[PDB]
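The next block holds one structure in the form of structure tokens; read it before the comments.
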Amino acid sequence: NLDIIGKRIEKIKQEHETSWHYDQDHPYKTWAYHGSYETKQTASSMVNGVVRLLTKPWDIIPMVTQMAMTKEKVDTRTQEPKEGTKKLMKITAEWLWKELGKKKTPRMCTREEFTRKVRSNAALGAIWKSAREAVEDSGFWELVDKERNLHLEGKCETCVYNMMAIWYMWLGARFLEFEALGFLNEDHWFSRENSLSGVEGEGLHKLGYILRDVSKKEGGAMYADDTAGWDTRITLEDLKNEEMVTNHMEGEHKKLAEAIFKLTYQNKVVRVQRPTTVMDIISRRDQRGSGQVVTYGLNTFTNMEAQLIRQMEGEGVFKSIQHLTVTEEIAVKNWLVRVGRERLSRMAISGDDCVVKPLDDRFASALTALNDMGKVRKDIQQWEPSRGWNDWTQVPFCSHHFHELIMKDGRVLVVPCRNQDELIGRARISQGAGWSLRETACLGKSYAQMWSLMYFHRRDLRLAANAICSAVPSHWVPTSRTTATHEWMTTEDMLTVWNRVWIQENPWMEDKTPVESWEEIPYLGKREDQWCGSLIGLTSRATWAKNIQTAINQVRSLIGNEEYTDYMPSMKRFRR
Ligand SMILES: O=C(CCC1CCCCC1)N1CCOCC1
Ligand SMILES: [Cl-]
Ligand SMILES: [Zn+2]
Ligand SMILES: [Zn+2]
């Protein structure tokens, strides 16, 4: 408690010595409250006018238009798991870090690597003006140094979370987290090659083929149970099992990683804005509160662990979570050594998101360990058996489903898909202030090129993508303010990129014959396109398509006298 967090609390107290007060009307129940102090400040979703002017039919669709308009779970608690559950998790976690570590070497990430990431724009949940200035000033690195030596001494002064769920920290605390734990992401510990259940660094063009490969295994239904508020269900036992990665480290690295887990993950200090405007300095031990990239890898680790244990329960490897006998321990260890890697291969796991094809359907009602670990399912009663999926093309994963699409030449594409209102609504939205017309156009072009690569099979998106690319100057570079593999972020011909991604580099495509034109690239069936939200069939959509050059010309007239390319004749209907 206060020995580990007291120093951080002490420091904040004095910078606001004029404002400190133990408020008696504090709303916190599960979060430890320490004090308050005076502040005055806050974010809306702004519309992308280039995308909206080229998607007129969607201006009257509320599921699109409502997307641009407009903490009772963070303040909740999770009970301590039983002794049998704690044993299953420790055995499984010990085994899993060893498997992940067989072909990888833990290592520190460097100021050079950190500096390069900030100078190429990447979300570091951070709070000098921007990060680029701090990384160039040596005063920063001396603050970083002072904290670094405090961590080697087993103490913390400045690693404090700023709520807004995204846990922003000052750039220095972000650096120390990256130095100790960045290797999990930088060296791809959760790649499918290295973790068997992971998909880290797999583009949306890979995920469907991965689910189809899981479907080929003999076994029961495919299960895709969502957890209710995963980050809030991470227990102190989960944090202790994640910490065991430090058992694989040495020297300075081992000490620096032990401090991140001990001082910042297992004992957090947070500042929250409460209107009543006051700053609430609160603490707690449990729950996920890390940088988004470390959060992703540790969520993947703990989900892999939790799902192997649910598979053990279904297969009868242990009888009760109350307590593991001595021989159940050896049975669990022996299961992991004998079939653990095969059982990992039966899963696709992306942080809190999973798909599992178990040995049989006993898994559906194997719920005691899952509930006792705190990983309570969404939208179902605690003890009701899970509903599985009989067809891999129906399974939800990473906000998508996947279609099997046969090209006129017989070759098979497995493509990503989601309701089209969600795709159009998201492309019509931008975040942050000070967007020029050129920057807004380049963000529209990023969405368009993503649609041409991932969603070419949706009639409306291939047409709207061609229109946006026709309306934005041909040499202007696609941009995003926040950056899976983003192959659409390029000024290369998108037909050349399509061929590279779907044919040349696609390990599921044996015939490498290049496609010569967009007319060789198929769509979903007309009825399937309509099922997944297409407006084909509506008079509004027909007027848009027939008059698209008028919409393209409206946007070109706003941007002004620039060099443009007409991409519409790459489509049959505009090709004479
Ligand atoms: O049913 C249709 C055409 C559907 C087709 C379906 C395939 C893609 C192109 C469009 N119309 C009703 C509205 O007026 C225009 C004609
Ligand atoms: Cl189904
Ligand atoms: Zn610290
Ligand atoms: Zn679909």
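In the structure tokens, the first chain shown is A, the next is B, and so on; residue numbers restart at 1 for each chain, and ligands run from 1 in the order shown.
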*asked:* Applying 8 Å and only C-alpha atoms, which residues near range 209-219 of chain A remain after dropping the ones on its own chain fewer than 5 positions away? List them as a ChimeraX atom specification.
replied: /A:345-348,357-361,392,414,508
Save the residues we just selected, C-alpha atoms, as a CSV table (one decimal), in the first residue's frame?
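For reference, result-v4.csv as written:
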```
chain,number,residue,atom,x,y,z
A,345,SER,CA,-3.6,-24.1,-32.6
A,346,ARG,CA,-7.5,-24.6,-32.0
A,347,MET,CA,-7.7,-20.9,-31.1
A,348,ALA,CA,-7.6,-17.4,-32.6
A,357,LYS,CA,-12.7,-24.9,-31.7
A,358,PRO,CA,-12.5,-27.4,-28.8
A,359,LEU,CA,-12.1,-31.2,-29.0
A,360,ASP,CA,-16.0,-31.5,-28.6
A,361,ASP,CA,-19.0,-29.6,-27.2
A,392,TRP,CA,-16.7,-20.5,-39.7
A,414,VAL,CA,-11.5,-15.4,-47.9
A,508,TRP,CA,-3.3,-19.9,-49.2
```
Produce as a compact mmCIF listing (two decimals) with N, CA, C and O atoms, in the first residue's frame the set of residues near ligand 2, where near means within 10 Å with only C-alpha atoms and all ligand atoms considered.
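Full text of pocket39.txt as output:
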```
# COMPACT_ATOMS: atom_id res chain seq x y z
N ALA A 221 -18.39 -27.31 -32.08
CA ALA A 221 -18.75 -25.98 -32.61
C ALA A 221 -17.56 -25.04 -32.43
O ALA A 221 -16.61 -25.37 -31.69
N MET A 222 -17.59 -23.90 -33.13
CA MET A 222 -16.66 -22.79 -32.84
C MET A 222 -17.32 -21.84 -31.85
O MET A 222 -18.44 -21.37 -32.12
N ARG A 387 -23.55 -20.70 -26.64
CA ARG A 387 -24.04 -20.98 -28.02
C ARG A 387 -22.85 -20.98 -28.98
O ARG A 387 -22.21 -19.92 -29.10
N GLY A 388 -22.56 -22.09 -29.65
CA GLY A 388 -21.46 -22.17 -30.62
C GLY A 388 -21.93 -21.88 -32.03
O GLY A 388 -23.13 -21.80 -32.27
N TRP A 389 -20.99 -21.77 -32.97
CA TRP A 389 -21.26 -21.51 -34.39
C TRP A 389 -20.92 -22.77 -35.17
O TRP A 389 -19.85 -23.35 -34.92
N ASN A 390 -21.80 -23.18 -36.08
CA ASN A 390 -21.59 -24.38 -36.90
C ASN A 390 -20.82 -24.06 -38.17
O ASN A 390 -20.40 -25.01 -38.82
N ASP A 391 -20.63 -22.80 -38.53
CA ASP A 391 -20.03 -22.46 -39.86
C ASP A 391 -19.06 -21.31 -39.62
O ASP A 391 -19.51 -20.29 -39.08
N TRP A 392 -17.79 -21.51 -39.97
CA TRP A 392 -16.70 -20.53 -39.73
C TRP A 392 -17.04 -19.18 -40.38
O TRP A 392 -16.55 -18.12 -39.90
N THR A 393 -17.86 -19.18 -41.43
CA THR A 393 -18.26 -17.93 -42.15
C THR A 393 -19.27 -17.13 -41.33
O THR A 393 -19.56 -15.97 -41.72
N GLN A 394 -19.79 -17.67 -40.22
CA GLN A 394 -20.76 -16.97 -39.35
C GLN A 394 -20.10 -16.44 -38.08
O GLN A 394 -20.72 -15.61 -37.44
N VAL A 395 -18.91 -16.92 -37.75
CA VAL A 395 -18.21 -16.61 -36.46
C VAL A 395 -17.81 -15.14 -36.45
O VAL A 395 -17.16 -14.67 -37.37
```
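The residue that comes closest to residue 248 in chain A, out of A:102, A:524, A:62, A:45 and on the basis of only C-alpha atoms, is A:102.
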_Selection: 10 Å around range 202-206 of chain A, only C-alpha atoms, excl. self and same-chain fewer than 6 positions, as an MDAnalysis selection string_ = chainID A and resid 191:192 398 400 402 413:417 453:455 484:487 501:502 506:508
Those in range 251-363 of chain A with strand (DSSP E or B) from DSSP, as a short mmCIF file (atom, residue, chain, number, x, y, z; two decimals) with N, CA, C and O atoms, in the first residue's frame:
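Everything below was put into states_30.cif:
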```cif
data_model
loop_
_atom_site.label_atom_id
_atom_site.label_comp_id
_atom_site.auth_asym_id
_atom_site.auth_seq_id
_atom_site.Cartn_x
_atom_site.Cartn_y
_atom_site.Cartn_z
N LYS A 268 -1.48 0.96 -8.70
CA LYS A 268 -1.70 2.11 -9.63
C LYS A 268 -2.09 3.38 -8.85
O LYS A 268 -2.66 3.24 -7.75
N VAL A 269 -1.78 4.55 -9.43
CA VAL A 269 -2.14 5.89 -8.91
C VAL A 269 -2.76 6.64 -10.10
O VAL A 269 -2.10 6.78 -11.15
N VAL A 270 -3.99 7.12 -9.95
CA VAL A 270 -4.76 7.67 -11.10
C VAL A 270 -5.34 9.02 -10.71
O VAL A 270 -5.76 9.17 -9.56
N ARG A 271 -5.41 9.93 -11.67
CA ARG A 271 -6.08 11.23 -11.50
C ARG A 271 -7.27 11.30 -12.46
O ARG A 271 -7.09 11.03 -13.66
N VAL A 272 -8.46 11.61 -11.93
CA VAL A 272 -9.77 11.56 -12.65
C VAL A 272 -10.45 12.93 -12.49
O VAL A 272 -10.42 13.47 -11.38
N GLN A 273 -11.04 13.45 -13.58
CA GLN A 273 -11.85 14.70 -13.59
C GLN A 273 -13.28 14.38 -13.15
O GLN A 273 -13.93 13.57 -13.85
N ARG A 274 -13.72 15.00 -12.06
CA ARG A 274 -15.12 14.94 -11.54
C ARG A 274 -15.73 16.34 -11.63
O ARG A 274 -15.20 17.27 -11.02
N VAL A 278 -12.91 19.13 -10.13
CA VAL A 278 -11.88 18.78 -9.12
C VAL A 278 -11.07 17.59 -9.66
O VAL A 278 -11.61 16.86 -10.51
N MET A 279 -9.83 17.42 -9.19
CA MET A 279 -9.02 16.25 -9.61
C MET A 279 -9.03 15.23 -8.48
O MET A 279 -8.62 15.58 -7.36
N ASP A 280 -9.48 14.01 -8.78
CA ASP A 280 -9.54 12.94 -7.75
C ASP A 280 -8.32 12.03 -7.87
O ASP A 280 -8.20 11.34 -8.89
N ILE A 281 -7.44 12.07 -6.88
CA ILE A 281 -6.26 11.16 -6.82
C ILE A 281 -6.69 9.87 -6.13
O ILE A 281 -6.79 9.86 -4.89
N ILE A 282 -6.92 8.82 -6.92
CA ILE A 282 -7.41 7.49 -6.45
C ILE A 282 -6.37 6.43 -6.81
O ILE A 282 -5.58 6.67 -7.74
N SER A 283 -6.37 5.30 -6.09
CA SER A 283 -5.45 4.15 -6.30
C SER A 283 -6.26 2.85 -6.33
O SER A 283 -7.44 2.87 -5.95
N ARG A 284 -5.62 1.76 -6.79
CA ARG A 284 -6.13 0.37 -6.68
C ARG A 284 -5.05 -0.58 -7.21
O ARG A 284 -4.18 -0.10 -7.96
N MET A 347 -7.24 -22.18 -31.48
CA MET A 347 -7.74 -20.87 -31.06
C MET A 347 -7.18 -19.75 -31.96
O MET A 347 -6.08 -19.88 -32.53
N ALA A 348 -7.98 -18.69 -32.07
CA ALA A 348 -7.56 -17.39 -32.62
C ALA A 348 -7.87 -16.34 -31.57
O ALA A 348 -9.03 -16.20 -31.16
N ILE A 349 -6.82 -15.70 -31.04
CA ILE A 349 -6.95 -14.82 -29.87
C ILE A 349 -6.26 -13.49 -30.15
O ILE A 349 -5.06 -13.45 -30.47
N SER A 350 -7.06 -12.43 -30.02
CA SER A 350 -6.64 -11.03 -30.25
C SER A 350 -7.03 -10.23 -29.02
O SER A 350 -8.22 -9.82 -28.89
N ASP A 353 -10.47 -10.81 -27.32
CA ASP A 353 -11.34 -11.44 -28.35
C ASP A 353 -10.83 -12.84 -28.65
O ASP A 353 -9.61 -13.00 -28.92
N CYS A 354 -11.68 -13.86 -28.59
CA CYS A 354 -11.25 -15.23 -28.91
C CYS A 354 -12.25 -15.98 -29.78
O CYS A 354 -13.47 -15.71 -29.69
N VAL A 355 -11.71 -16.93 -30.52
CA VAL A 355 -12.45 -18.02 -31.21
C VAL A 355 -11.75 -19.31 -30.81
O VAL A 355 -10.52 -19.37 -30.87
N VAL A 356 -12.53 -20.29 -30.36
CA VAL A 356 -12.01 -21.59 -29.87
C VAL A 356 -12.78 -22.69 -30.57
O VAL A 356 -14.04 -22.64 -30.51
#
```
*Hey, which residues come within 6 Å of ligand 3 if we count only C-alpha atoms and all ligand atoms? Could you give them as a list in words?*
residues 147, 156, 157, 158 and 159 of chain A
*Could you report the residues within 7 Å of ligand 4, using only C-alpha atoms and all ligand atoms, as number ranges by chain?*
A: 401-403, 417-419, 528-529, 532
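Listed by chain and then residue number, the contacts of ligand 1 are residues 458, 459, 460, 523, 525, 526, 527, 529, 530, 534, 535, 536, 537, 538, 539, 540, 541, 542, 543, 545, 546 and 573 of chain A (distance at most 10 Å, using only C-alpha atoms and all ligand atoms).
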Output N, CA, C and O atoms for every residue in that selection, as a compact mmCIF listing (two decimals), in the first residue's frame.
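Output saved as selection12.txt:
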```
# COMPACT_ATOMS: atom_id res chain seq x y z
N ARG A 458 -17.73 -5.44 -51.83
CA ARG A 458 -18.98 -4.69 -51.51
C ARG A 458 -19.17 -3.66 -52.62
O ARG A 458 -18.28 -2.80 -52.76
N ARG A 459 -20.21 -3.84 -53.45
CA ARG A 459 -20.47 -2.95 -54.61
C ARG A 459 -20.36 -1.47 -54.22
O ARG A 459 -19.67 -0.72 -54.95
N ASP A 460 -21.05 -1.03 -53.16
CA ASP A 460 -21.13 0.40 -52.81
C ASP A 460 -19.74 0.91 -52.42
O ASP A 460 -19.44 2.08 -52.72
N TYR A 523 -17.28 -9.63 -56.69
CA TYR A 523 -18.14 -9.13 -55.59
C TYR A 523 -18.80 -10.31 -54.88
O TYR A 523 -18.98 -11.44 -55.49
N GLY A 525 -22.28 -12.17 -53.83
CA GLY A 525 -23.61 -12.24 -54.48
C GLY A 525 -24.42 -10.99 -54.17
O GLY A 525 -24.26 -10.39 -53.07
N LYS A 526 -25.30 -10.60 -55.09
CA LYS A 526 -26.15 -9.39 -54.96
C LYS A 526 -26.99 -9.47 -53.67
O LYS A 526 -27.10 -8.45 -52.98
N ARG A 527 -27.56 -10.64 -53.36
CA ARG A 527 -28.41 -10.80 -52.17
C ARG A 527 -27.55 -10.77 -50.90
O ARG A 527 -27.96 -10.10 -49.91
N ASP A 529 -24.71 -9.15 -50.55
CA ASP A 529 -24.26 -7.73 -50.42
C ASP A 529 -25.36 -6.94 -49.68
O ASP A 529 -25.08 -6.21 -48.74
N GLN A 530 -26.62 -7.16 -50.08
CA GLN A 530 -27.81 -6.52 -49.47
C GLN A 530 -27.98 -6.97 -48.01
O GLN A 530 -28.33 -6.13 -47.16
N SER A 534 -25.74 -3.38 -48.11
CA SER A 534 -25.66 -2.68 -49.41
C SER A 534 -26.98 -1.91 -49.68
O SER A 534 -28.08 -2.45 -49.41
N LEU A 535 -26.86 -0.78 -50.36
CA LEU A 535 -28.05 -0.04 -50.85
C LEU A 535 -28.41 -0.38 -52.29
O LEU A 535 -29.32 0.28 -52.83
N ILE A 536 -27.74 -1.35 -52.93
CA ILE A 536 -28.16 -1.81 -54.29
C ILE A 536 -29.65 -2.15 -54.21
O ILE A 536 -30.05 -2.87 -53.27
N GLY A 537 -30.42 -1.62 -55.16
CA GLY A 537 -31.88 -1.85 -55.17
C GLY A 537 -32.65 -0.57 -54.90
O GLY A 537 -33.80 -0.48 -55.33
N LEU A 538 -32.00 0.39 -54.23
CA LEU A 538 -32.68 1.66 -53.87
C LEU A 538 -32.52 2.68 -55.00
O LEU A 538 -31.44 2.73 -55.60
N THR A 539 -33.57 3.46 -55.24
CA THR A 539 -33.50 4.53 -56.27
C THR A 539 -32.41 5.54 -55.87
O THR A 539 -31.69 6.02 -56.76
N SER A 540 -32.29 5.85 -54.58
CA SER A 540 -31.28 6.83 -54.10
C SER A 540 -29.89 6.40 -54.55
O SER A 540 -29.13 7.24 -55.07
N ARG A 541 -29.57 5.12 -54.35
CA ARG A 541 -28.23 4.57 -54.71
C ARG A 541 -28.04 4.60 -56.23
O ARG A 541 -26.94 4.85 -56.69
N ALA A 542 -29.10 4.30 -56.99
CA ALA A 542 -28.99 4.37 -58.47
C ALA A 542 -28.70 5.82 -58.92
O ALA A 542 -27.95 5.98 -59.89
N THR A 543 -29.30 6.82 -58.27
CA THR A 543 -29.04 8.19 -58.77
C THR A 543 -27.58 8.55 -58.46
O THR A 543 -26.92 9.11 -59.31
N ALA A 545 -24.96 6.55 -58.15
CA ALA A 545 -24.03 5.85 -59.06
C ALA A 545 -24.06 6.49 -60.47
O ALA A 545 -23.00 6.78 -61.00
N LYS A 546 -25.25 6.68 -61.03
CA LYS A 546 -25.33 7.25 -62.40
C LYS A 546 -24.76 8.67 -62.45
O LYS A 546 -24.19 9.02 -63.47
N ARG A 573 -19.46 -0.57 -65.62
CA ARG A 573 -20.61 0.31 -65.95
C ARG A 573 -20.13 1.68 -66.46
O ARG A 573 -20.87 2.30 -67.23
```
